[PDB]
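**Q** Attaching a single structure in structure tokens format; questions to follow.
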Amino acid sequence: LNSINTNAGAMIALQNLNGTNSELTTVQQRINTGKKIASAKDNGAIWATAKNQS
Amino acid sequence: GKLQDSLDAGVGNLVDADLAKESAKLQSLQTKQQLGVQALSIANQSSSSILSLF
């Protein structure tokens with residue numbers, strides 16, 4: 001298989017690249033907020049406990 | 001005279017800030033804003049890698 005109409009290897013490469021981009025995004029977001037649990041999207045239970053407790 | 005002193009001390013207890021905690025918060029927030037500027041500078045470059053694809 002070596003057709004010009006498709007390219008799976010680029011597809012898996014793009015998948016891995018977007019995954020790494022998402023990881024870097026969440027890391028830089030926790031860097032500039034200084035908090036592992038910035039919002040309810042991060043982890044709802046401990047975030048709720050933190051809001052009530054604070 | 002003693003009643004005036006009591007009223008003025010009550011106003012002071014009611015409004016005055018505690019500078020000791022302020023001294024720690026100042027340095028913590030200076031480091032925090034520096035980290036935030038660094039993270040935003042890193043985040044600004046997300047589109048720079050796209051040109052390498054072409």
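In the structure tokens, chains take letters A, B, ... by order of appearance, with residues numbered from 1 within each chain and ligands from 1 in the order shown.
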With only C-alpha atoms counted and 9 Å as the cut-off, give the residues of segment 9-38 of chain B in contact with segment 14-32 of chain A, each with its shortest interatomic distance in Å and the pair that gives it, as a tab-separated table.

**A**
```
residue	atom	partner	partner_atom	distance
B:32	CA	A:32	CA	7.5
B:33	CA	A:32	CA	8.2
B:35	CA	A:32	CA	5.9
B:36	CA	A:32	CA	4.5
B:37	CA	A:32	CA	7.9
B:38	CA	A:32	CA	8.1
```

**Q** If you keep N, CA and C atoms, can you produce a file of those selected residues as a short mmCIF file (atom, residue, chain, number, x, y, z; two decimals), in the first residue's frame?

**A**
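Printed below is result.cif as written:
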```cif
data_model
loop_
_atom_site.label_atom_id
_atom_site.label_comp_id
_atom_site.auth_asym_id
_atom_site.auth_seq_id
_atom_site.Cartn_x
_atom_site.Cartn_y
_atom_site.Cartn_z
N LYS B 32 3.87 35.48 41.53
CA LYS B 32 2.73 34.95 40.79
C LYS B 32 2.56 35.66 39.45
N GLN B 33 2.65 36.99 39.44
CA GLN B 33 2.50 37.70 38.18
C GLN B 33 3.68 37.44 37.26
N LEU B 35 5.35 34.61 37.04
CA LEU B 35 5.05 33.31 36.46
C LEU B 35 3.93 33.39 35.44
N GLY B 36 2.92 34.22 35.70
CA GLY B 36 1.83 34.36 34.74
C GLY B 36 2.29 34.99 33.44
N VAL B 37 3.15 36.01 33.52
CA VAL B 37 3.70 36.61 32.31
C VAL B 37 4.53 35.59 31.55
N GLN B 38 5.32 34.78 32.25
CA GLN B 38 6.12 33.76 31.57
C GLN B 38 5.23 32.74 30.87
#
```

**Q** Using DSSP on the backbone coordinates, identify the residues of chain B assigned to alpha helix (DSSP H); present them as a PyMOL selection string.

**A** chain B and resi 2-15+19-43

**Q** Write down, as a PyMOL selection string, each residue of chain B that has any atom within 12 Å of an atom of chain A, counting only C-alpha atoms.

**A** chain B and resi 28-29+31-47+49-50+53

**Q** Save the residues we just selected, C-alpha atoms, as a PDB file, in the first residue's frame?

**A**
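So the final result, stored in result-v6.pdb, reads:
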```
ATOM      1  CA  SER B  28       3.824  35.925  46.670  1.00  0.00           C
ATOM      2  CA  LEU B  29       1.812  37.957  44.153  1.00  0.00           C
ATOM      3  CA  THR B  31       6.233  35.927  41.943  1.00  0.00           C
ATOM      4  CA  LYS B  32       2.733  34.951  40.786  1.00  0.00           C
ATOM      5  CA  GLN B  33       2.499  37.705  38.180  1.00  0.00           C
ATOM      6  CA  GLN B  34       6.010  36.961  36.938  1.00  0.00           C
ATOM      7  CA  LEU B  35       5.052  33.306  36.461  1.00  0.00           C
ATOM      8  CA  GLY B  36       1.831  34.365  34.739  1.00  0.00           C
ATOM      9  CA  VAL B  37       3.702  36.610  32.315  1.00  0.00           C
ATOM     10  CA  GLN B  38       6.118  33.763  31.575  1.00  0.00           C
ATOM     11  CA  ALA B  39       3.284  31.299  30.955  1.00  0.00           C
ATOM     12  CA  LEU B  40       1.428  33.749  28.706  1.00  0.00           C
ATOM     13  CA  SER B  41       4.651  34.332  26.765  1.00  0.00           C
ATOM     14  CA  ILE B  42       4.951  30.568  26.277  1.00  0.00           C
ATOM     15  CA  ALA B  43       1.276  30.287  25.289  1.00  0.00           C
ATOM     16  CA  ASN B  44       1.585  33.049  22.678  1.00  0.00           C
ATOM     17  CA  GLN B  45       3.953  30.887  20.597  1.00  0.00           C
ATOM     18  CA  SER B  46       1.488  28.039  19.973  1.00  0.00           C
ATOM     19  CA  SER B  47       0.970  29.076  16.337  1.00  0.00           C
ATOM     20  CA  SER B  49       5.190  25.693  15.030  1.00  0.00           C
ATOM     21  CA  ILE B  50       2.588  25.611  12.233  1.00  0.00           C
ATOM     22  CA  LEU B  53       4.772  22.051   8.503  1.00  0.00           C
TER      23      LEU B  53
END
```

**Q** Measuring between only C-alpha atoms, which one of A:2, A:13, A:51, A:8 shows the shortest distance to residue 39 of chain A?

**A**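 Looking at the shortest contact to residue 39 of chain A, the residue is A:51.
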